[PDB]
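This is structure-v2.txt (compact mmCIF, C-alpha atoms and all ligand atoms).
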```txt
# COMPACT_ATOMS: atom_id res chain seq x y z
CA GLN A 230 109.19 111.25 91.51
CA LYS A 231 107.29 111.82 88.33
CA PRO A 232 108.96 111.64 84.85
CA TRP A 233 110.35 114.93 83.50
CA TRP A 234 108.12 114.78 80.41
CA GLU A 235 104.98 115.05 82.52
CA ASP A 236 103.44 117.97 84.37
CA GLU A 237 102.85 117.94 88.11
CA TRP A 238 99.17 118.17 87.19
CA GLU A 239 99.29 115.36 84.64
CA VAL A 240 96.65 112.63 84.34
CA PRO A 241 96.54 109.81 81.79
CA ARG A 242 94.38 110.59 78.77
CA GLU A 243 92.68 107.24 79.44
CA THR A 244 90.91 108.69 82.53
CA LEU A 245 89.02 111.07 80.28
CA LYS A 246 86.15 110.55 77.91
CA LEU A 247 85.08 113.42 75.66
CA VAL A 248 81.36 113.36 75.08
CA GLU A 249 80.09 116.68 73.80
CA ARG A 250 81.67 119.49 71.80
CA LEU A 251 80.88 122.75 73.58
CA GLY A 252 82.81 124.87 71.11
CA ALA A 253 85.51 124.56 68.45
CA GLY A 254 87.62 126.69 66.10
CA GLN A 255 91.02 128.41 65.87
CA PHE A 256 93.52 126.94 68.36
CA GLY A 257 91.46 123.81 69.13
CA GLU A 258 88.21 122.85 70.85
CA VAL A 259 86.31 122.58 74.16
CA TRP A 260 84.43 119.42 75.15
CA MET A 261 82.24 118.35 78.04
CA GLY A 262 83.36 114.95 79.21
CA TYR A 263 83.95 112.59 82.11
CA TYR A 264 86.91 111.84 84.34
CA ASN A 265 87.04 108.26 85.61
CA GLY A 266 83.41 107.96 84.59
CA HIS A 267 81.59 109.69 87.46
CA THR A 268 83.04 113.18 87.31
CA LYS A 269 81.90 115.74 84.74
CA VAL A 270 84.75 117.87 83.36
CA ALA A 271 85.49 120.51 80.73
CA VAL A 272 88.31 119.90 78.26
CA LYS A 273 90.23 122.36 76.08
CA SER A 274 92.23 120.53 73.40
CA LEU A 275 95.03 122.21 71.42
CA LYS A 276 94.83 122.12 67.63
CA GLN A 277 98.18 120.72 66.58
CA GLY A 278 100.36 123.35 64.94
CA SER A 279 97.81 126.08 65.61
CA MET A 280 100.08 127.35 68.35
CA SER A 281 103.02 126.26 70.51
CA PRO A 282 102.40 123.57 73.16
CA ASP A 283 104.24 125.72 75.71
CA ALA A 284 102.15 128.72 74.65
CA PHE A 285 99.04 126.60 75.10
CA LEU A 286 100.07 125.20 78.47
CA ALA A 287 101.09 128.62 79.83
CA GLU A 288 97.37 129.19 80.50
CA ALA A 289 97.14 126.26 82.91
CA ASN A 290 100.29 127.35 84.75
CA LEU A 291 98.62 130.73 85.13
CA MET A 292 95.47 128.99 86.55
CA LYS A 293 97.62 127.08 89.02
CA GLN A 294 98.34 130.34 90.80
CA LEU A 295 94.70 131.51 90.57
CA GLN A 296 92.55 129.04 92.48
CA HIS A 297 89.40 130.40 94.05
CA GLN A 298 85.73 129.39 94.38
CA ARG A 299 84.68 132.32 92.19
CA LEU A 300 87.02 131.27 89.36
CA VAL A 301 87.00 128.20 87.09
CA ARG A 302 89.11 125.56 88.80
CA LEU A 303 91.94 123.86 86.93
CA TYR A 304 91.75 120.07 87.24
CA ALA A 305 94.68 118.71 85.19
CA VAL A 306 96.53 118.61 81.89
CA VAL A 307 97.72 116.06 79.29
CA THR A 308 101.05 117.23 77.85
CA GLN A 309 101.45 114.86 74.88
CA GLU A 310 99.70 115.80 71.61
CA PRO A 311 96.89 116.43 71.47
CA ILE A 312 97.47 118.65 74.51
CA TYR A 313 94.55 119.05 76.93
CA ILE A 314 93.62 121.39 79.75
CA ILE A 315 90.94 120.06 82.10
CA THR A 316 88.73 122.12 84.41
CA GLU A 317 85.57 121.78 86.48
CA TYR A 318 82.35 121.75 84.43
CA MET A 319 79.72 124.48 84.98
CA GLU A 320 76.29 123.08 84.04
CA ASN A 321 74.43 126.25 82.94
CA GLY A 322 77.05 127.46 80.48
CA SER A 323 77.95 131.09 79.80
CA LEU A 324 76.06 133.87 81.57
CA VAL A 325 75.26 135.50 78.23
CA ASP A 326 73.44 132.39 77.02
CA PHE A 327 71.88 131.56 80.39
CA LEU A 328 70.19 134.97 80.75
CA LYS A 329 68.19 134.15 77.63
CA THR A 330 66.93 130.71 78.69
CA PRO A 331 63.39 130.42 80.09
CA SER A 332 64.99 130.48 83.55
CA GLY A 333 67.43 133.33 83.03
CA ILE A 334 64.79 135.57 81.44
CA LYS A 335 62.80 135.18 84.66
CA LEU A 336 65.59 136.17 87.03
CA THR A 337 64.62 139.06 89.37
CA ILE A 338 66.72 142.23 89.76
CA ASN A 339 67.62 140.83 93.17
CA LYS A 340 69.15 137.68 91.68
CA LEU A 341 70.96 139.69 89.02
CA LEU A 342 72.49 141.99 91.64
CA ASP A 343 73.54 138.88 93.56
CA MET A 344 75.43 137.40 90.56
CA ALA A 345 76.99 140.82 89.83
CA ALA A 346 78.47 140.92 93.33
CA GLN A 347 79.61 137.32 92.90
CA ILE A 348 81.58 138.30 89.79
CA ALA A 349 82.85 141.39 91.58
CA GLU A 350 84.01 138.98 94.32
CA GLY A 351 86.02 136.92 91.84
CA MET A 352 87.53 140.06 90.35
CA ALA A 353 88.52 141.19 93.87
CA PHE A 354 90.55 137.98 94.20
CA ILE A 355 92.07 138.58 90.78
CA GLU A 356 92.78 142.15 91.94
CA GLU A 357 94.50 141.01 95.15
CA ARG A 358 96.76 138.64 93.16
CA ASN A 359 97.90 141.42 90.81
CA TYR A 360 96.49 139.62 87.83
CA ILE A 361 94.67 141.24 84.89
CA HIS A 362 91.75 139.49 83.17
CA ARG A 363 91.84 141.57 79.96
CA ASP A 364 88.49 140.29 78.64
CA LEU A 365 85.94 140.54 81.44
CA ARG A 366 82.47 140.09 79.92
CA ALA A 367 79.31 137.96 80.21
CA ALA A 368 80.67 135.64 77.53
CA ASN A 369 83.53 134.72 79.89
CA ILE A 370 81.34 134.11 82.93
CA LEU A 371 80.13 130.61 83.77
CA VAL A 372 76.96 129.73 85.69
CA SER A 373 76.65 126.63 87.91
CA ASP A 374 73.53 124.52 88.44
CA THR A 375 72.94 126.33 91.75
CA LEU A 376 73.04 129.63 89.88
CA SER A 377 76.43 130.77 91.20
CA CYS A 378 79.00 132.42 88.93
CA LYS A 379 82.65 131.83 88.08
CA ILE A 380 85.12 133.93 86.10
CA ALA A 381 86.65 132.21 83.11
CA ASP A 382 88.52 133.08 79.95
CA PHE A 383 87.94 131.25 76.68
CA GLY A 384 90.58 133.19 74.73
CA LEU A 385 88.31 134.85 72.24
CA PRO A 403 86.23 144.40 70.10
CA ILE A 404 85.90 147.92 71.49
CA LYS A 405 82.55 147.83 73.34
CA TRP A 406 84.02 146.42 76.56
CA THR A 407 87.46 147.95 76.21
CA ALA A 408 88.37 151.14 78.06
CA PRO A 409 89.78 154.15 76.11
CA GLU A 410 93.39 153.98 77.33
CA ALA A 411 93.47 150.29 76.47
CA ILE A 412 92.03 150.85 73.01
CA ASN A 413 94.35 153.81 72.39
CA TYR A 414 97.53 152.72 74.19
CA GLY A 415 97.19 148.97 74.57
CA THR A 416 97.53 149.56 78.30
CA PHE A 417 95.52 146.92 80.20
CA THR A 418 95.29 147.00 83.98
CA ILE A 419 92.83 145.99 86.66
CA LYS A 420 91.36 149.45 86.11
CA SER A 421 90.47 148.63 82.50
CA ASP A 422 88.92 145.46 83.90
CA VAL A 423 86.74 147.67 86.10
CA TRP A 424 85.55 149.55 83.00
CA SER A 425 84.79 146.24 81.32
CA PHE A 426 82.87 145.26 84.44
CA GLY A 427 80.74 148.37 84.10
CA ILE A 428 79.75 147.12 80.67
CA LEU A 429 79.25 143.54 81.89
CA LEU A 430 76.76 145.08 84.33
CA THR A 431 74.64 146.28 81.37
CA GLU A 432 74.65 142.74 79.95
CA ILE A 433 73.35 141.39 83.24
CA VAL A 434 70.49 143.90 83.65
CA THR A 435 69.42 143.56 79.97
CA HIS A 436 69.49 139.76 80.13
CA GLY A 437 72.33 139.44 77.64
CA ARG A 438 71.70 142.29 75.20
CA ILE A 439 74.74 143.72 73.39
CA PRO A 440 76.01 146.97 74.96
CA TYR A 441 75.40 150.31 73.20
CA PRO A 442 72.22 149.08 71.36
CA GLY A 443 72.26 149.93 67.66
CA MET A 444 75.67 151.65 67.79
CA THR A 445 78.78 150.68 65.78
CA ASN A 446 82.29 150.68 67.23
CA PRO A 447 83.38 153.97 65.70
CA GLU A 448 80.18 155.53 67.04
CA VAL A 449 80.85 154.25 70.54
CA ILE A 450 84.39 155.55 70.24
CA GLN A 451 83.31 159.06 69.21
CA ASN A 452 80.71 159.17 71.98
CA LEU A 453 83.18 158.16 74.68
CA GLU A 454 85.67 160.81 73.53
CA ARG A 455 83.00 163.50 73.92
CA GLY A 456 82.41 162.34 77.46
CA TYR A 457 79.16 160.55 76.74
CA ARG A 458 78.59 157.16 78.35
CA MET A 459 76.12 154.42 77.42
CA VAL A 460 72.46 155.38 77.63
CA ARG A 461 70.69 153.97 80.73
CA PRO A 462 69.70 150.40 79.73
CA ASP A 463 65.97 149.63 79.83
CA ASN A 464 64.55 148.88 83.27
CA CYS A 465 67.92 149.55 84.92
CA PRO A 466 67.90 150.68 88.59
CA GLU A 467 69.23 154.24 88.72
CA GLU A 468 71.47 153.22 91.63
CA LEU A 469 72.98 150.46 89.51
CA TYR A 470 73.49 152.89 86.65
CA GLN A 471 75.39 155.33 88.87
CA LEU A 472 77.68 152.53 90.00
CA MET A 473 78.33 151.74 86.35
CA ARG A 474 79.22 155.40 85.87
CA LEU A 475 82.04 155.02 88.40
CA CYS A 476 83.46 152.15 86.37
CA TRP A 477 83.53 154.40 83.33
CA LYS A 478 85.50 157.32 84.78
CA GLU A 479 87.98 159.02 82.45
CA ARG A 480 91.16 158.55 84.53
CA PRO A 481 91.82 154.85 85.31
CA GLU A 482 92.92 155.78 88.83
CA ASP A 483 89.50 157.26 89.59
CA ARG A 484 87.56 154.05 88.92
CA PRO A 485 86.86 152.03 92.12
CA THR A 486 88.41 148.75 93.30
CA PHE A 487 86.51 145.49 92.94
CA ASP A 488 86.19 145.14 96.70
CA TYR A 489 84.29 148.43 96.78
CA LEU A 490 82.11 147.35 93.87
CA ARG A 491 81.36 144.01 95.52
CA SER A 492 80.65 145.89 98.73
CA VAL A 493 78.03 148.15 97.16
CA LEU A 494 76.40 145.46 95.04
CA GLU A 495 76.00 143.34 98.15
CA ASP A 496 74.20 146.27 99.79
CA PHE A 497 71.89 146.79 96.82
CA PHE A 498 71.28 143.07 96.92
CA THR A 499 70.47 143.03 100.64
CA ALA A 500 68.09 145.99 100.17
CA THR A 501 66.05 144.01 97.61
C1 LIG A 601 88.80 123.78 79.54
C2 LIG A 601 89.05 125.14 80.04
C3 LIG A 601 90.40 125.51 80.24
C4 LIG A 601 90.60 126.83 80.76
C5 LIG A 601 89.46 127.71 81.05
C6 LIG A 601 89.54 129.07 81.64
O1 LIG A 601 88.55 129.69 82.05
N1 LIG A 601 90.82 129.55 81.57
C7 LIG A 601 91.29 130.65 82.22
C8 LIG A 601 92.59 131.16 81.82
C9 LIG A 601 93.21 132.33 82.42
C10 LIG A 601 92.51 133.02 83.46
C11 LIG A 601 91.21 132.52 83.88
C12 LIG A 601 90.44 133.16 85.00
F1 LIG A 601 89.50 133.86 84.42
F2 LIG A 601 89.92 132.16 85.74
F3 LIG A 601 91.10 133.99 85.80
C13 LIG A 601 90.59 131.33 83.26
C14 LIG A 601 88.11 127.32 80.84
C15 LIG A 601 87.95 126.03 80.33
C16 LIG A 601 86.65 125.64 80.03
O2 LIG A 601 86.32 125.64 78.85
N2 LIG A 601 85.86 125.30 81.04
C17 LIG A 601 84.50 125.14 80.96
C18 LIG A 601 83.76 125.20 79.73
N3 LIG A 601 82.44 125.00 79.74
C19 LIG A 601 81.75 124.74 80.91
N4 LIG A 601 80.36 124.56 80.90
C20 LIG A 601 79.48 124.81 79.89
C21 LIG A 601 79.78 125.87 78.94
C22 LIG A 601 78.91 126.16 77.88
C23 LIG A 601 77.72 125.35 77.82
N5 LIG A 601 76.82 125.55 76.88
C24 LIG A 601 75.37 125.44 77.15
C25 LIG A 601 74.74 124.57 76.08
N6 LIG A 601 75.07 125.10 74.76
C26 LIG A 601 74.53 124.04 73.91
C27 LIG A 601 76.50 125.23 74.43
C28 LIG A 601 77.27 125.91 75.54
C29 LIG A 601 77.37 124.28 78.75
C30 LIG A 601 78.28 124.01 79.80
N7 LIG A 601 82.39 124.67 82.11
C31 LIG A 601 83.74 124.86 82.15
```

Take the structure in the file and write it out as structure tokens.
Ligand SMILES: Cc1ccc(C(=O)Nc2cccc(C(F)(F)F)c2)cc1C(=O)Nc1cnc(Nc2ccc(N3CCN(C)CC3)cc2)nc1
Amino acid sequence: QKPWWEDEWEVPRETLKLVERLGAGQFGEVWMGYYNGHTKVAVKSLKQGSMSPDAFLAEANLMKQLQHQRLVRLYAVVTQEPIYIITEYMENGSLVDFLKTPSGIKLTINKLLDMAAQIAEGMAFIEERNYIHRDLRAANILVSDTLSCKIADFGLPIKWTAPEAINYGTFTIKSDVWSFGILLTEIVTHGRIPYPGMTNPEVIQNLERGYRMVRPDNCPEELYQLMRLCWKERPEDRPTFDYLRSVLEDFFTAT
């Protein structure tokens, strides 16, 4: 029988030690730290007054119903200001930064296809739970020390957003699929920004004409055609993540 002013997932702040700022800003910060000394953790702290504690904590509640090996795992929370949200710590950071390290740069197309499927796997779970990511991109993907991936969302722009979402604010798992198509270009180009040298309005005009992003450099034609499916006009025509994972796995087992 815990006290009413504490969450079921509460832990005393004293069990945590914040060691390194991973990122800061708007509604608070993110720190790499330790739980009870031996366990590495990630900690999101709320900037007092930046937003409502309940609003902040709603994210964790959402993560409580979304536990899976391919998604960042919620560890606990501290519900007395400053409010914290604690999750597992992924050693290699964000996929976008990792792909540019001496290691990442050297990853083969086989390894990249692997990771792509992995992400597709996490999205399939998200899909089965009737959830909607809304911001699926390499910046929201975490890499572990064993080079495995996990979907995340750091609460942070056209280039990844599908037309109906941009134009009607209608986000669904289908718009996530479109965003995945784009994420796929980030993977194969080792982190390069999609639509090289194009502004947002340019991208917008191109998409309206029916043009899609130019084949990224060194991109397997088979991979490009899969991306094409993610970018179909009608949301209902884009594939499911299980299908995507299914194909990627085949490309991966053929390399
Ligand atoms: C505290 C927190 C709290 C929540 C989350 C998170 O997803 N939330 C989420 C919310 C809704 C839905 C979902 C989803 F997508 F799962 F469905 C996720 C993430 C964190 C959260 O922030 N977790 C986190 C941060 N960094 C790392 N590792 C990590 C990250 C970056 C870097 N680097 C490399 C070195 N550079 C010097 C700087 C950055 C090094 C390690 N590992 C884990």

Practice item. Determine the nearest neighbour of ligand LIG 601 (chain A) from the options A:321, A:294, A:237, A:281, counting all atoms listed in the file. Key: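 The answer is A:321, which sits nearest to ligand LIG 601 (chain A).
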
**Study point:** Distance in Å - atom CA of residue 279 of chain A versus atom CA of residue 255 of chain A
**Key:** 7.2 Å

Given all atoms listed in the file, how would the per-residue table for segment 287-331 of chain A near segment 432-450 of chain A read, listing every residue at most 8 Å away with its closest atom pair and distance in Å to one decimal, sorted by chain and number, as a tab-separated table?
```
residue	atom	partner	partner_atom	distance
A:324	CA	A:437	CA	7.8
A:325	CA	A:437	CA	4.9
A:326	CA	A:437	CA	7.2
A:328	CA	A:436	CA	4.9
A:329	CA	A:436	CA	6.3
```

Practice item. Compute the distance from (86.3, 114.0, 81.3) to each atom, counting all atoms listed in the file, keep the residues with any atom at most 12 Å away, and return them as a ChimeraX atom specification; use the coordinates of the file. Key: /A:240-250,259-274,304-307,313-318

Practice item. Go ahead and compute the interatomic distance for atom CA of residue 462 of chain A and atom CA of residue 425 of chain A, in Å to one decimal. Key: 15.7 Å

**Study point:** 12 Å contact set for residue 297 of chain A, only C-alpha atoms, chain neighbours under 2 positions out, as a PyMOL selection string
**Key:** chain A and resi 292-295+299-303+348+350-355+357-358+378-381

With C-alpha atoms retained, could you export that selection as a PDB file, keeping the file's coordinate frame?
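File written: part.pdb
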```pdb
ATOM      1  CA  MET A 292      95.470 128.990  86.550  1.00  0.00           C
ATOM      2  CA  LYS A 293      97.620 127.080  89.020  1.00  0.00           C
ATOM      3  CA  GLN A 294      98.340 130.340  90.800  1.00  0.00           C
ATOM      4  CA  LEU A 295      94.700 131.510  90.570  1.00  0.00           C
ATOM      5  CA  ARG A 299      84.680 132.320  92.190  1.00  0.00           C
ATOM      6  CA  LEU A 300      87.020 131.270  89.360  1.00  0.00           C
ATOM      7  CA  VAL A 301      87.000 128.200  87.090  1.00  0.00           C
ATOM      8  CA  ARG A 302      89.110 125.560  88.800  1.00  0.00           C
ATOM      9  CA  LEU A 303      91.940 123.860  86.930  1.00  0.00           C
ATOM     10  CA  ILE A 348      81.580 138.300  89.790  1.00  0.00           C
ATOM     11  CA  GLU A 350      84.010 138.980  94.320  1.00  0.00           C
ATOM     12  CA  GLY A 351      86.020 136.920  91.840  1.00  0.00           C
ATOM     13  CA  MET A 352      87.530 140.060  90.350  1.00  0.00           C
ATOM     14  CA  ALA A 353      88.520 141.190  93.870  1.00  0.00           C
ATOM     15  CA  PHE A 354      90.550 137.980  94.200  1.00  0.00           C
ATOM     16  CA  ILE A 355      92.070 138.580  90.780  1.00  0.00           C
ATOM     17  CA  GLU A 357      94.500 141.010  95.150  1.00  0.00           C
ATOM     18  CA  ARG A 358      96.760 138.640  93.160  1.00  0.00           C
ATOM     19  CA  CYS A 378      79.000 132.420  88.930  1.00  0.00           C
ATOM     20  CA  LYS A 379      82.650 131.830  88.080  1.00  0.00           C
ATOM     21  CA  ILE A 380      85.120 133.930  86.100  1.00  0.00           C
ATOM     22  CA  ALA A 381      86.650 132.210  83.110  1.00  0.00           C
TER      23      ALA A 381
END
```

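If all atoms listed in the file are the atoms counted, then among A:373, A:492, A:359, A:277 the closest residue to ligand LIG 601 (chain A) is A:373.
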
Practice item. Please indicate the distance in Å from atom CA of residue 363 of chain A to atom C23 of ligand LIG 601 (chain A), rounded to one decimal place. Key: 21.6 Å

Check your understanding: Can you list, as number ranges by chain, every protein, DNA or RNA residue that comes within 12 Å of residue 466 of chain A when you count only C-alpha atoms, leaving out same-chain residues fewer than 2 positions away?
Key -> A: 338-339, 341-342, 430-431, 434-435, 461-464, 468-473, 494, 497-498, 501

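Compared by their closest atoms to residue 500 of chain A, and using all atoms listed in the file, the residues A:276, A:340, A:405, A:478 rank with A:340 nearest.
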
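Within 7 Å of the point (97.5, 144.1, 81.5) in file coordinates, and counting only C-alpha atoms, lie the residues residues 361, 363, 416, 417 and 418 of chain A.
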
Check your understanding: Closest to residue 347 of chain A among A:382, A:495, A:422, A:310, using only C-alpha atoms?
Key ->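 Nearest candidate to residue 347 of chain A out of A:382, A:495, A:422, A:310: A:495.
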
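Distances here use only C-alpha atoms; by that measure, the residue among A:460, A:312, A:371, A:334 closest to residue 284 of chain A is A:312.
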
Review point. From the list A:236, A:467, A:483, A:320, which residue is nearest ligand LIG 601 (chain A) when using all atoms listed in the file?
Key: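 For ligand LIG 601 (chain A), the nearest of the candidates is A:320.
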
Generate the missing atoms of segment 465-493 of chain A up to N, CA and C atoms and report them as a short mmCIF file (atom, residue, chain, number, x, y, z; two decimals), in the frame of the given file.
```cif
data_model
loop_
_atom_site.label_atom_id
_atom_site.label_comp_id
_atom_site.auth_asym_id
_atom_site.auth_seq_id
_atom_site.Cartn_x
_atom_site.Cartn_y
_atom_site.Cartn_z
N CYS A 465 66.76 149.59 84.03
CA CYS A 465 67.92 149.55 84.92
C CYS A 465 67.81 150.47 86.13
N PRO A 466 67.97 149.91 87.34
CA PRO A 466 67.90 150.68 88.59
C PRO A 466 68.86 151.86 88.53
N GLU A 467 68.37 153.06 88.79
CA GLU A 467 69.23 154.24 88.72
C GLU A 467 70.49 154.08 89.59
N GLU A 468 70.34 153.45 90.75
CA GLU A 468 71.47 153.22 91.63
C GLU A 468 72.52 152.35 90.94
N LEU A 469 72.06 151.34 90.21
CA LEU A 469 72.98 150.46 89.51
C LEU A 469 73.69 151.23 88.40
N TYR A 470 72.94 152.09 87.73
CA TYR A 470 73.49 152.89 86.65
C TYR A 470 74.59 153.81 87.15
N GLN A 471 74.38 154.42 88.32
CA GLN A 471 75.39 155.33 88.87
C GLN A 471 76.66 154.59 89.29
N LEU A 472 76.52 153.31 89.62
CA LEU A 472 77.68 152.53 90.00
C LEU A 472 78.45 152.24 88.72
N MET A 473 77.71 152.01 87.64
CA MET A 473 78.33 151.74 86.35
C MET A 473 79.13 152.96 85.92
N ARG A 474 78.58 154.14 86.22
CA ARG A 474 79.22 155.40 85.87
C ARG A 474 80.61 155.50 86.48
N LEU A 475 80.75 154.99 87.70
CA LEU A 475 82.04 155.02 88.40
C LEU A 475 83.05 154.15 87.66
N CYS A 476 82.57 153.04 87.11
CA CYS A 476 83.46 152.15 86.37
C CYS A 476 83.94 152.82 85.09
N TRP A 477 83.15 153.76 84.57
CA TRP A 477 83.53 154.40 83.33
C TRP A 477 84.20 155.78 83.45
N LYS A 478 84.82 156.05 84.60
CA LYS A 478 85.50 157.32 84.78
C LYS A 478 86.69 157.45 83.84
N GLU A 479 86.91 158.67 83.37
CA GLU A 479 87.98 159.02 82.45
C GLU A 479 89.35 158.47 82.88
N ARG A 480 89.87 158.98 84.00
CA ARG A 480 91.16 158.55 84.53
C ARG A 480 91.01 157.17 85.17
N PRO A 481 91.86 156.21 84.77
CA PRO A 481 91.82 154.85 85.31
C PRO A 481 91.89 154.83 86.82
N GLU A 482 92.73 155.70 87.39
CA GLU A 482 92.92 155.78 88.83
C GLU A 482 91.69 156.23 89.61
N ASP A 483 90.70 156.78 88.92
CA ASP A 483 89.50 157.26 89.59
C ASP A 483 88.41 156.20 89.69
N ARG A 484 88.53 155.14 88.90
CA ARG A 484 87.56 154.05 88.92
C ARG A 484 87.79 153.28 90.23
N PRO A 485 86.72 152.78 90.87
CA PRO A 485 86.86 152.03 92.12
C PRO A 485 87.57 150.67 92.02
N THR A 486 87.78 150.06 93.19
CA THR A 486 88.41 148.75 93.30
C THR A 486 87.26 147.74 93.27
N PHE A 487 87.56 146.49 92.98
CA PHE A 487 86.51 145.49 92.94
C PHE A 487 85.93 145.18 94.30
N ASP A 488 86.69 145.42 95.36
CA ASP A 488 86.19 145.14 96.70
C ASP A 488 85.09 146.13 97.03
N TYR A 489 85.27 147.37 96.57
CA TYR A 489 84.29 148.43 96.78
C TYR A 489 83.03 148.07 96.02
N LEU A 490 83.22 147.74 94.74
CA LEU A 490 82.11 147.35 93.87
C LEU A 490 81.32 146.19 94.48
N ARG A 491 82.03 145.15 94.90
CA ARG A 491 81.36 144.01 95.52
C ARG A 491 80.60 144.48 96.75
N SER A 492 81.23 145.37 97.51
CA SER A 492 80.65 145.89 98.73
C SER A 492 79.31 146.60 98.50
N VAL A 493 79.25 147.43 97.47
CA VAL A 493 78.03 148.15 97.16
C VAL A 493 76.96 147.22 96.60
#
```
